[PDB]
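Novice: Next up is a structure, given as structure tokens.
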Number of protein chains: 2
Amino acid sequence: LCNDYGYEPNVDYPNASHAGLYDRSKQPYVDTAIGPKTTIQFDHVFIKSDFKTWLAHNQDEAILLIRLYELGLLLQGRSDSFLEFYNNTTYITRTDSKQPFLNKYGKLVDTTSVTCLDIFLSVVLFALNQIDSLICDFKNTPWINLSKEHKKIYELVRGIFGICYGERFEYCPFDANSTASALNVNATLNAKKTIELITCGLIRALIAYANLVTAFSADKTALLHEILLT
Amino acid sequence: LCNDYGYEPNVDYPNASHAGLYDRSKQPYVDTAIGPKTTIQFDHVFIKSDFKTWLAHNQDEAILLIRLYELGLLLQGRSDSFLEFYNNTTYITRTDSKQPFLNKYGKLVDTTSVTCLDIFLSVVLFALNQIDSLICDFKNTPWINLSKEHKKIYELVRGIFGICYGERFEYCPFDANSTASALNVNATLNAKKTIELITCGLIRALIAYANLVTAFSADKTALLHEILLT
Ligand SMILES: [Ca+2]
Ligand SMILES: [Ca+2]
């Protein structure tokens, strides 16, 4: 008969299990730290959040999604949020290359309400869908032709995934004059390279989002269960 | 002063608005049809479901996700579910190429419980993550080398997105003997083509999943709100 049937004292008592001899957890006792940074709430009913755990284990990808939130703000005409987005960073020198986004990441981790987090994911998905629609338009004919709206999106999204302006192999050193002919040929190569940089950014962001929103959805099931007793 | 401030009788009374002169809805009155196929429930508290609306507007993509559910079952050792998955189709002739998946689609649309739908999405995400991990392994060196587990996934996922066996341009008609040399060169091209077919299937499935699970998450917020009064 099966020996794993739902009786698991080590799962019921995780802090005591971290004192055992066979615990392999990478950061023991973190799994029981409780505060705004590890919970969400609905109607001030709190749960330990898979969504918050994801943000912590995946800071780099979280910052990718936050940059897409900022894109979403601009495309939705949220002018003040966009223009104040890098405020209150304190430093007059460079620090981390993504400093303003790290700061926003800390504030997202500190957000507990379902209402606020619903807004975050909604804007991110809006941005993801805009990028997908752009790629489909770009690739629907070999001769590149974009809708007016997608021409705008193209440049904004290129500024995130590249080709990043100002950040050598196209010059023809054997006959510099021939570079003029090369530029014509390479203009389409640069646009196609941009779309591949955007496409491979989208896939990374989609895998992150798929997992993050599933964790959030799971958190909401836990809230639905807990609320029935509270 | 703004004239769109939250008073919208045409949104409050949609059936009456469908009798107006400026309704552009593509299938008027469908938005108010209420049954298992358009709702979900938690604790027998029902809401009109964005998740169910998505499945209806996106049947083709829903079937893509259902095929990934079936993959997830096999990889999770759910043997009976996998082997009975095409049962009860009734016909002794061909009909729609995706008949067993259409049938499962109808049963998914008929599923109302959050508990059951959580299971569906969890298995689909499991499959999506397996495919992503495969692609990353495949591409992490130009010389192709896959983990033992990914070699198994590769063949299973190739059977979904291609290259599909048994479903002409590689032969060398000028010197058929040289085809033997071509096969060696083309083996890597066929594996790379397979991964691109898989990669472009993953992106389509991820965009579908991202939108579907966000709609489900939104539905759960509506449940959280409704339950507080019920
Ligand atoms: Ca186009
Ligand atoms: Ca490898």
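Order determines the names: the first chain of the structure tokens is A, the second B, and so forth; residues in each chain are numbered 1 upward, and ligands are numbered 1 upward as they are shown.
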Pick out the residues no farther than 9 Å from ligand 1, counting only C-alpha atoms and all ligand atoms, and list them as a ChimeraX atom specification.
Specialist: /A:134-147
Novice: Counting only C-alpha atoms, which residues of chain A come no farther than 10 Å from chain B, as a PyMOL selection string?
Specialist: chain A and resi 42-43+114-115+118+121-122+125-126+128-129+132+199-200+202-221+223-225+227-228
Novice: Deliver the residues from the most recent selection as a file, using N, CA and C atoms, as a short mmCIF file (atom, residue, chain, number, x, y, z; two decimals), in the first residue's frame.
Specialist:
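After the write, again_30.cif holds the following:
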data_model
loop_
_atom_site.label_atom_id
_atom_site.label_comp_id
_atom_site.auth_asym_id
_atom_site.auth_seq_id
_atom_site.Cartn_x
_atom_site.Cartn_y
_atom_site.Cartn_z
N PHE A 42 -7.05 40.06 0.04
CA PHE A 42 -8.32 40.55 -0.48
C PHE A 42 -9.25 40.74 0.71
N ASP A 43 -9.80 41.95 0.85
CA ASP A 43 -10.66 42.26 1.98
C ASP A 43 -9.90 42.09 3.30
N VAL A 114 -5.09 42.58 -3.98
CA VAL A 114 -5.47 41.99 -5.26
C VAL A 114 -5.83 43.08 -6.26
N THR A 115 -6.56 44.11 -5.79
CA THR A 115 -6.99 45.18 -6.68
C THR A 115 -5.81 45.84 -7.37
N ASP A 118 -4.01 43.24 -9.75
CA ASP A 118 -4.78 43.08 -10.98
C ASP A 118 -4.43 44.15 -11.99
N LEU A 121 -0.86 43.47 -13.63
CA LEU A 121 -0.84 42.42 -14.65
C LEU A 121 -1.63 42.84 -15.89
N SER A 122 -2.74 43.55 -15.70
CA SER A 122 -3.55 43.98 -16.84
C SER A 122 -2.74 44.86 -17.79
N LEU A 125 -0.07 42.65 -19.60
CA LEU A 125 -0.66 41.87 -20.69
C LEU A 125 -1.00 42.76 -21.87
N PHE A 126 -1.55 43.94 -21.61
CA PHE A 126 -1.81 44.90 -22.67
C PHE A 126 -0.56 45.14 -23.50
N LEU A 128 2.17 43.14 -23.69
CA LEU A 128 2.52 41.91 -24.39
C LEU A 128 1.70 41.74 -25.66
N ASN A 129 0.39 42.00 -25.57
CA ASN A 129 -0.46 41.83 -26.74
C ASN A 129 -0.10 42.82 -27.83
N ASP A 132 2.93 41.41 -29.61
CA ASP A 132 2.59 40.27 -30.46
C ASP A 132 1.92 40.74 -31.74
N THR A 199 11.13 39.63 -30.80
CA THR A 199 10.47 38.33 -30.70
C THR A 199 11.05 37.49 -29.58
N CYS A 200 12.38 37.46 -29.46
CA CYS A 200 13.01 36.68 -28.41
C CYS A 200 12.87 37.35 -27.04
N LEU A 202 9.93 38.88 -26.33
CA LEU A 202 8.54 38.54 -26.06
C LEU A 202 8.42 37.14 -25.47
N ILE A 203 9.15 36.17 -26.03
CA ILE A 203 9.04 34.79 -25.55
C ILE A 203 9.50 34.69 -24.10
N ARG A 204 10.63 35.32 -23.78
CA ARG A 204 11.08 35.34 -22.39
C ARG A 204 10.03 35.97 -21.50
N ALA A 205 9.49 37.11 -21.91
CA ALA A 205 8.48 37.78 -21.11
C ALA A 205 7.20 36.96 -21.00
N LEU A 206 6.85 36.21 -22.05
CA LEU A 206 5.62 35.43 -22.00
C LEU A 206 5.76 34.25 -21.06
N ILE A 207 6.92 33.58 -21.07
CA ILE A 207 7.14 32.48 -20.14
C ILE A 207 7.09 32.98 -18.71
N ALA A 208 7.71 34.14 -18.46
CA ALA A 208 7.65 34.74 -17.13
C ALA A 208 6.22 35.06 -16.74
N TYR A 209 5.49 35.72 -17.64
CA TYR A 209 4.12 36.12 -17.34
C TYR A 209 3.22 34.91 -17.13
N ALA A 210 3.31 33.92 -18.01
CA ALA A 210 2.51 32.71 -17.86
C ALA A 210 2.67 32.11 -16.47
N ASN A 211 3.91 32.01 -16.00
CA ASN A 211 4.14 31.44 -14.68
C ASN A 211 3.69 32.39 -13.57
N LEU A 212 3.96 33.69 -13.73
CA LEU A 212 3.59 34.64 -12.68
C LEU A 212 2.08 34.73 -12.50
N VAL A 213 1.33 34.77 -13.60
CA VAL A 213 -0.12 34.93 -13.47
C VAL A 213 -0.76 33.62 -13.02
N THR A 214 -0.17 32.48 -13.36
CA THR A 214 -0.67 31.23 -12.80
C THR A 214 -0.46 31.18 -11.30
N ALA A 215 0.70 31.66 -10.83
CA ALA A 215 0.94 31.73 -9.39
C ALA A 215 -0.06 32.67 -8.72
N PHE A 216 -0.36 33.79 -9.38
CA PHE A 216 -1.35 34.73 -8.86
C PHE A 216 -2.74 34.10 -8.85
N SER A 217 -3.09 33.39 -9.92
CA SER A 217 -4.38 32.70 -9.97
C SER A 217 -4.49 31.65 -8.87
N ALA A 218 -3.41 30.89 -8.65
CA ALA A 218 -3.38 29.95 -7.54
C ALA A 218 -3.55 30.66 -6.20
N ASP A 219 -2.89 31.81 -6.03
CA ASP A 219 -3.07 32.60 -4.81
C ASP A 219 -4.53 32.99 -4.63
N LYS A 220 -5.23 33.30 -5.72
CA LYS A 220 -6.63 33.71 -5.62
C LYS A 220 -7.51 32.54 -5.21
N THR A 221 -7.19 31.33 -5.67
CA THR A 221 -7.91 30.16 -5.19
C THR A 221 -7.74 30.01 -3.68
N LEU A 223 -7.21 32.38 -1.57
CA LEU A 223 -8.05 33.41 -0.95
C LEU A 223 -9.51 32.98 -0.94
N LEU A 224 -9.99 32.47 -2.07
CA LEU A 224 -11.37 31.99 -2.14
C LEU A 224 -11.64 30.95 -1.06
N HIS A 225 -10.68 30.05 -0.83
CA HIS A 225 -10.85 29.03 0.20
C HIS A 225 -10.82 29.65 1.60
N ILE A 227 -11.36 32.75 2.60
CA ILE A 227 -12.44 33.69 2.90
C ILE A 227 -13.67 32.95 3.41
N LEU A 228 -13.91 31.73 2.92
CA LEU A 228 -15.13 31.02 3.29
C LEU A 228 -15.17 30.71 4.79
#
Novice: Within 12 Å of segment 87-90 of chain B, counting only C-alpha atoms, which residues qualify if same-chain residues fewer than 2 places away don't, as a PyMOL selection string?
Specialist: chain B and resi 80-85+92-96+98-104
Novice: Next, the residues of the selection above should be written as a compact mmCIF listing (two decimals), in the first residue's frame with N, CA, C and O atoms.
Specialist:
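That gives us part.txt:
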# COMPACT_ATOMS: atom_id res chain seq x y z
N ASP B 80 -4.09 6.36 -17.42
CA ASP B 80 -5.44 6.05 -17.86
C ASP B 80 -6.08 7.24 -18.58
O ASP B 80 -6.74 7.07 -19.61
N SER B 81 -5.91 8.45 -18.04
CA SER B 81 -6.44 9.62 -18.72
C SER B 81 -5.87 9.73 -20.13
O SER B 81 -6.61 10.03 -21.08
N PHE B 82 -4.57 9.49 -20.28
CA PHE B 82 -3.95 9.59 -21.59
C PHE B 82 -4.52 8.55 -22.55
O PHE B 82 -4.90 8.87 -23.68
N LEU B 83 -4.59 7.29 -22.12
CA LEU B 83 -4.95 6.23 -23.05
C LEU B 83 -6.44 6.21 -23.37
O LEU B 83 -6.83 5.67 -24.41
N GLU B 84 -7.29 6.78 -22.51
CA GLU B 84 -8.72 6.86 -22.78
C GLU B 84 -9.12 8.19 -23.41
O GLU B 84 -10.31 8.45 -23.59
N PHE B 85 -8.14 9.03 -23.78
CA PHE B 85 -8.44 10.42 -24.12
C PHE B 85 -9.25 10.55 -25.40
O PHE B 85 -9.95 11.55 -25.58
N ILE B 92 -17.38 5.74 -36.83
CA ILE B 92 -16.46 4.76 -37.42
C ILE B 92 -15.80 5.29 -38.68
O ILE B 92 -15.02 4.57 -39.31
N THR B 93 -16.07 6.54 -39.05
CA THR B 93 -15.44 7.21 -40.18
C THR B 93 -14.70 8.45 -39.69
O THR B 93 -14.90 8.93 -38.57
N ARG B 94 -13.85 8.98 -40.57
CA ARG B 94 -13.26 10.29 -40.34
C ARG B 94 -14.35 11.35 -40.30
O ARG B 94 -15.38 11.24 -40.97
N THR B 95 -14.10 12.39 -39.51
CA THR B 95 -14.93 13.59 -39.53
C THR B 95 -13.99 14.79 -39.52
O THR B 95 -13.20 14.97 -40.44
N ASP B 96 -14.05 15.61 -38.47
CA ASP B 96 -13.11 16.71 -38.33
C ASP B 96 -11.75 16.15 -37.91
O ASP B 96 -11.67 15.22 -37.11
N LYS B 98 -9.62 17.11 -35.95
CA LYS B 98 -9.36 17.25 -34.52
C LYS B 98 -10.54 16.79 -33.67
O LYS B 98 -10.72 17.26 -32.55
N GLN B 99 -11.32 15.84 -34.19
CA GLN B 99 -12.56 15.43 -33.53
C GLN B 99 -12.40 15.13 -32.04
O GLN B 99 -13.16 15.69 -31.24
N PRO B 100 -11.47 14.27 -31.60
CA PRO B 100 -11.39 14.00 -30.16
C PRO B 100 -11.10 15.24 -29.34
O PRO B 100 -11.56 15.35 -28.20
N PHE B 101 -10.36 16.20 -29.90
CA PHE B 101 -10.06 17.43 -29.19
C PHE B 101 -11.25 18.39 -29.19
O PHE B 101 -11.45 19.12 -28.21
N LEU B 102 -12.04 18.41 -30.27
CA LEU B 102 -13.29 19.15 -30.24
C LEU B 102 -14.21 18.64 -29.14
O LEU B 102 -14.84 19.43 -28.43
N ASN B 103 -14.30 17.32 -29.00
CA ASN B 103 -15.13 16.74 -27.94
C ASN B 103 -14.64 17.17 -26.57
O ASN B 103 -15.44 17.54 -25.70
N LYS B 104 -13.33 17.12 -26.35
CA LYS B 104 -12.78 17.55 -25.07
C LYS B 104 -13.01 19.04 -24.86
O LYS B 104 -13.23 19.49 -23.73
Novice: Give me the residues within 8 Å of residue 161 of chain A as a ChimeraX atom specification, counting only C-alpha atoms and dropping any in the same chain fewer than 4 places off.
Specialist: /A:157,194,197-198,201
Novice: Include N, CA and C atoms and write out the residues we just selected as a compact mmCIF listing (two decimals), in the first residue's frame.
Specialist:
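Result file follows (out_26.txt):
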# COMPACT_ATOMS: atom_id res chain seq x y z
N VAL A 157 9.16 49.64 -28.79
CA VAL A 157 9.60 48.33 -28.33
C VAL A 157 11.05 48.07 -28.72
N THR A 194 15.93 43.77 -35.46
CA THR A 194 15.13 44.35 -34.38
C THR A 194 13.94 43.46 -34.04
N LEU A 197 15.12 40.45 -32.11
CA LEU A 197 15.39 40.84 -30.73
C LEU A 197 14.08 41.04 -29.96
N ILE A 198 13.08 41.64 -30.61
CA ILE A 198 11.79 41.83 -29.97
C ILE A 198 11.08 40.49 -29.78
N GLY A 201 12.62 38.65 -27.01
CA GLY A 201 12.25 39.27 -25.75
C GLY A 201 10.83 38.91 -25.35
Novice: What parts of segment 14-196 of chain B does DSSP call strand (DSSP E)? I'd like the answer as a list in words.
Specialist: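 After running DSSP on the backbone, segment 14-196 of chain B has strand (DSSP E) at residues 39, 40, 41, 42, 45, 46, 47 and 48 of chain B.
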Novice: Do you know which residues are at most 12 Å from segment 5-11 of chain A counting only C-alpha atoms, after dropping those on the same chain fewer than 2 positions away, and could you put them as a VMD selection string?
Specialist: chain A and resid 1 to 3 13 to 20 22 to 23 31 to 32
Novice: Write the selection just made, keeping C-alpha atoms, as a PDB file, in the first residue's frame?
Specialist:
ATOM      1  CA  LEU A   1       0.000   0.000   0.000  1.00  0.00           C
ATOM      2  CA  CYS A   2       1.121   3.554  -0.754  1.00  0.00           C
ATOM      3  CA  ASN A   3       3.039   5.327   2.020  1.00  0.00           C
ATOM      4  CA  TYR A  13       5.765  21.916  10.501  1.00  0.00           C
ATOM      5  CA  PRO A  14       8.263  23.485   8.088  1.00  0.00           C
ATOM      6  CA  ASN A  15      10.269  25.460  10.642  1.00  0.00           C
ATOM      7  CA  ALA A  16      10.930  22.265  12.593  1.00  0.00           C
ATOM      8  CA  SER A  17      11.858  20.477   9.360  1.00  0.00           C
ATOM      9  CA  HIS A  18      14.489  23.132   8.625  1.00  0.00           C
ATOM     10  CA  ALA A  19      16.234  21.931  11.806  1.00  0.00           C
ATOM     11  CA  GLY A  20      16.434  18.380  10.443  1.00  0.00           C
ATOM     12  CA  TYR A  22      18.098  16.192   5.332  1.00  0.00           C
ATOM     13  CA  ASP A  23      16.730  19.666   4.526  1.00  0.00           C
ATOM     14  CA  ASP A  31       9.530  30.088   3.399  1.00  0.00           C
ATOM     15  CA  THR A  32       7.861  31.157   6.680  1.00  0.00           C
TER      16      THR A  32
END
Novice: Quick one: distance from atom CA of residue 67 of chain B to atom CA of residue 189 of chain B in Å, one decimal?
Specialist: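 Separation of atom CA of residue 67 of chain B and atom CA of residue 189 of chain B: 25.9 Å.
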Novice: As an NGL selection string, please: the residues near residue 108 of chain A (cut-off 10 Å, only C-alpha atoms, same-chain neighbours under 4 positions excluded).
Specialist: :A and (37 or 52 or 55 or 62 or 66 or 102-104 or 112 or 116-117 or 120)
Novice: Give me, please, the distance in Å between atom CA of residue 180 of chain B and atom CA of residue 168 of chain B, quoted to one decimal.
Specialist: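 Atom CA of residue 180 of chain B sits 13.9 Å away from atom CA of residue 168 of chain B.
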Novice: Rounded to one decimal in Å, what is the spacing between atom CA of residue 110 of chain B and atom CA of residue 36 of chain B?
Specialist: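 If I compute the distance from atom CA of residue 110 of chain B to atom CA of residue 36 of chain B, I get 5.3 Å.
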Novice: Per DSSP on the backbone, filter segment 82-201 of chain A down to the residues in helix (DSSP H, G or I) and report them as an MDAnalysis selection string.
Specialist: chainID A and resid 82:83 99:109 114:139 148:161 176:201
